[PDB]
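Quick notes on the structure that follows.
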RNA sequence: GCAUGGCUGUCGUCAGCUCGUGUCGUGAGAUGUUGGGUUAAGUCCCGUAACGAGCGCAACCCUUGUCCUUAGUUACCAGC
């Protein structure tokens, strides 16, 4: 299982929404593993007509997060996907 | 047992240092110590905390170091072995706090800032 | 009290010097013995008894009497023979603008009514950051717990030291019970006491008369608190 | 000069107005939808004052929560505007569209709702200060702890660019812990262009 | 761009800039905000016709440096 979102106050708060709501149904799912983080810097110029040394630089992040089942016997999380997706979490399934 | 685990980081390096009783076995990344560090003064700097605590002949030393620069890995071992020597007791604690070996060197590189060219150098005006 | 040996033994007669001097006071002087001015002994006690007459006249009339004159040397008798339910007092320097800027002081007593109770809780240095300010507010606003109205009796123990309160009194029209000396001027004060402020005995024997005359005023007010409702002895 | 009071606190105080993840091949094909939605909706809802238009993207369609302080004007006789726009938001945004409407109880404590009224008053030829001394005290009988309102522009004069500045209460701006609203709505008079800035300060933490 | 909004440079990341009520002055003003000590700092302490409040400075945020807990694939190899 792999998860992609934009802020750690969603994506690392929806794993407990999956770990609790799958281990309850009997199957063993281990602890989630972090991945390296995408970081993209964007330095943009700020003045309309030119004054070059005034700048401003941003950064867009992307948090990744990987789950790991042990015994696949539950289609419970397959129906509870619209619940576990909330606003900006994308879940590609790797049911190991 | 008597295996002792020692880590140490200096200038974005990282060295696994294992320490156990032996007879002068100094091996790093499956290489000899004189062979690994080619023609530098830091061949003796890795021995400087060892010969200070008069244990140069009494241990096996197994070192695995990753990353960093050439003479930055040699500093990682020197900080790394001092943490491995103080797993025993605090008898050699005062022999190394006074020696200035235990403190990790915090001096890391500084980022380029806009307007400037280097970290602090700026172009010439008139 | 009215006794003469209270006046003789306390050290009332002596003045400051002969060059520290004011001829607006010089009507009430007796001599210049050994280059130190001797105040008059015979015009003091008729003035002094009639001052306590109007203290007692106010004290049974449900009002306030204010004790001032904060010197750290000899003002502790003002700290001591006060602090009861009918008389406020002061402990530190008189604040510039109190009777005239009383609207501000109503806002600054709001902090005083909390930081005693706020020290129930007591981070670590953050408790000391607010319990430090409780000492200064106790040093100045501590003697006044009354709020509302203005004090109808200002008892000034030293006129030369505090011209601030006399000016702010006469802008509002409240009686000022001053104790002048040789060098200080007898203007601005209402009921004069031509006395002295150079001994611990004289500053005490002026004030045992004042706090006793308000107890009998409160004893007179307790005599008259039944007169307010019942009319048979009223 | 005074970096924008949302762009320094996205994080510790406020959050985005639109949350959706997108791949690097479709990221710039959802932005151009969501930026000509907001130019569309405010030009239709010029009355029935609108403060915030949030957009979520659930699985494969949409969700929109339009906020008005007067929902009865928009939902008029059971959604005669709601289903009429929901037909026609799909024509700009090919997914099926949800439309949801909440209330903005205490309308005098959000900066967009306040600053739209300033443009209304200053285009009725109301005095530049009698409009605004009353538009701050009304927003101080209930609610906020500090308000700044700057009114800059032509201000009726010949060649005059003065700035009215009136403040009440406490407004910090170098504290990231605080909670500040901000809005700039403009005004087109019969001469000149007047811009209005609002800095409603709600409670801190 | 000297009809203006918006957005940026500059003095200068320099330590200042103002108000309420009060008193002094015929008035424009002034006092608070000066004095002694001290601070990167109008930062603090003691003083004091002023008592307070705001903007600022500080802290709140990010990152780097130490350790602890939760986590082990695609990362990791001390033991096997």
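Protein chains in written order, with the deposited numbering: chain j, 8 to 103; chain i, 3 to 128; chain b, 3 to 124, 130 to 241; chain c, 3 to 207.
Ideal placement from N, C-alpha and C gives every residue a C-beta, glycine not left out.
I want to see whether chain j comes within less than 8 Å of residue 61/c, judged by CB atoms only; does it? Yes, residue 61/c counts as interfacial toward chain j.
Could you work out which residue in 31/j, 10/j, 91/j is closest to residue 42/j when comparing CA atoms only? Across the set 31/j, 10/j, 91/j, the C-alpha of 10/j shows the shortest separation from the C-alpha of residue 42/j.
For residue 60/j, decide whether its Cβ has a neighbour in chain i, counting only Cβ atoms nearer than 8 Å. Closer than 8 Å: yes.
Determine contact between the region 3–22 of chain c and the region 167–180 of chain c, defined as no fewer than three beta-carbon pairs at a distance below 8 Å. The answer is yes - the region 167–180 of chain c touches the region 3–22 of chain c, with three or more Cβ pairs under 8 Å.
For residue 38/j, return the contacting residues in chain c, with the cut-off set at a CB-CB distance below 9 Å. Neighbours of residue 38/j across chain c, judged by C-beta separation under 9 Å, do not exist; the nearest C-beta is about 23 Å away.
Per DSSP, the bridge partner or partners of residue 64/j: Answer is 50/j, bridged to residue 64/j.
With DSSP run on the structure shown, which of helix, strand or coil describes residue 225/b? Judged by DSSP in its simplified three-state form, residue 225/b adopts helix.
Taking its Cβ as the centre, do 16 or more other Cβ atoms sit within 10 Å of residue 89/b, making it buried, or is it exposed? Under a 10 Å Cβ-count criterion, residue 89/b is classified as buried, with 16 or more other Cβ atoms of the shown protein chains found around its own Cβ.
Going along the chain, which unbroken runs of the alpha helix (DSSP H) with 4 or more residues stay wholly within the region 60–137 of chain c? Counting only runs of 4 or more, we get 73–76, 84–91, 113–123.
For residue 11/j, which beta-bridge partners are listed by DSSP? Residue 11/j pairs with 71/j, 97/j.
Check whether the Cβ atoms of residue 17/i and residue 9/i lie closer than 8 Å to each other. Less than 8 Å divides the Cβ of residue 17/i from the Cβ of residue 9/i.
Pick out whichever of 148/c, 24/c, 188/c, 167/c has its Cα sitting closest to the Cα of residue 203/c. The residue from 148/c, 24/c, 188/c, 167/c with its alpha-carbon nearest to that of residue 203/c is 148/c.
Along chain c, in chain order, which residues have C-beta atoms closer than 8 Å to that of residue 51/j? Neighbours of residue 51/j on chain c: none; closest Cβ ~12 Å, over 8 Å.
When the Cα atoms are used, what is the spatial distance from residue 158/b to residue 186/b? Going from the Cα of residue 158/b to the Cα of residue 186/b covers about 18 Å.
Neighbour list for residue 116/i in chain j, Cβ cutoff strictly below 8 Å: Within chain j, the residues near residue 116/i are 50, 60, 62, 64.
Decide if residue 78/j is buried, meaning its Cβ has at least 16 other Cβ atoms within 10 Å, or exposed. Counting every other CB atom within 10 Å of its CB across the protein chains shown gives residue 78/j a total below 16, marking it as exposed.
Starting from residue 2/j, find everything on chain c with Cβ-Cβ shorter than 7 Å and list it in chain order. Nothing about residue 2/j can be reported from this structure: the residues present for chain j run from 8 to 103 only.
Run through chain c and tell me which residues come within less than 7 Å of residue 94/j, C-beta to C-beta. Listed along chain c are 21, 58, each with a C-beta nearer than 7 Å to that of residue 94/j.
Return the chain-ordered list of same chain residues with a C-beta closer than 6 Å to the C-beta of residue 57/b, the five sequence neighbours on each side being excluded. Excluding sequence neighbours, residue 57/b sits near 220.
Cβ separation of residue 39/c and residue 95/c, assumed to be a contact under 8 Å, to the nearest whole Å: Residue 39/c to residue 95/c, Cβ: 6 Å. Contact.
If we count Cβ pairs, one from each stretch, closer than 8 Å, do we get three or more for the region 190–210 of chain b versus the region 42–49 of chain b? With a cut-off of 8 Å, the region 42–49 of chain b and the region 190–210 of chain b count as touching, because enough Cβ pairs lie within range.
Since residue 161/b is in the beta strand (DSSP E), which residue starts that stretch and which ends it? Membership of residue 161/b in the beta strand (DSSP E) is indicated by the continuous run 161–163.
Can you check whether the C-beta of residue 12/j is within less than 8 Å of a C-beta belonging to chain c? Closer than 8 Å to some Cβ of chain c, the Cβ of residue 12/j qualifies, so yes.
Checking 8 Å against the spacing of the C-beta atoms, do residue 48/j and residue 75/j come in under that value? No, Cβ-Cβ distance for residue 48/j and residue 75/j is not below 8 Å.
Touch test, the region 32–47 of chain c against the region 83–102 of chain c, Cβ-Cβ under 8 Å, three pairs minimum: Proximity of the region 32–47 of chain c to the region 83–102 of chain c meets the contact definition, three or more beta-carbon pairs being nearer than 8 Å.
Residue 197/c (DSSP reduced to helix, strand or coil): Under the three-state reduction of DSSP output, residue 197/c falls in the strand class.
What residues from chain c crowd round residue 89/j, counting only those whose CB sits closer than 9 Å? Result: 60, 61.
Spell out a yes or no on whether the region 29–38 of chain b and the region 223–238 of chain b are touching, meaning 3 or more CB-CB pairs, one atom from each, closer than 8 Å. Taking a cut-off of 8 Å for Cβ pairs, the region 29–38 of chain b and the region 223–238 of chain b do not touch, as fewer than three such pairs fall below it.
What does a CB cutoff of less than 8 Å around residue 172/c pick up in its chain, not counting 5 residues either side in sequence? Counting only Cβ-Cβ distances below 8 Å, and skipping sequence neighbours, we find 147, 148, 203.
Does the structure place the region 62–71 of chain j close enough to the region 41–56 of chain i that three or more beta carbon pairs sit under 8 Å? Touching, no, given that fewer than three Cβ pairs across the two stretches are closer than 8 Å.
Please report the distance separating the alpha-carbon of residue 121/b from that of residue 139/b. So the alpha carbons of these two residues sit roughly 11 Å apart.
Flag this pair as yes or no: are the beta carbons of residue 57/j and residue 39/j separated by less than 8 Å? For residue 57/j and residue 39/j, no; Cβs fall outside 8 Å.
With distances taken between CB atoms, is the gap from residue 31/i to residue 66/i smaller than 8 Å? A contact, by the Cβ cut-off of 8 Å.
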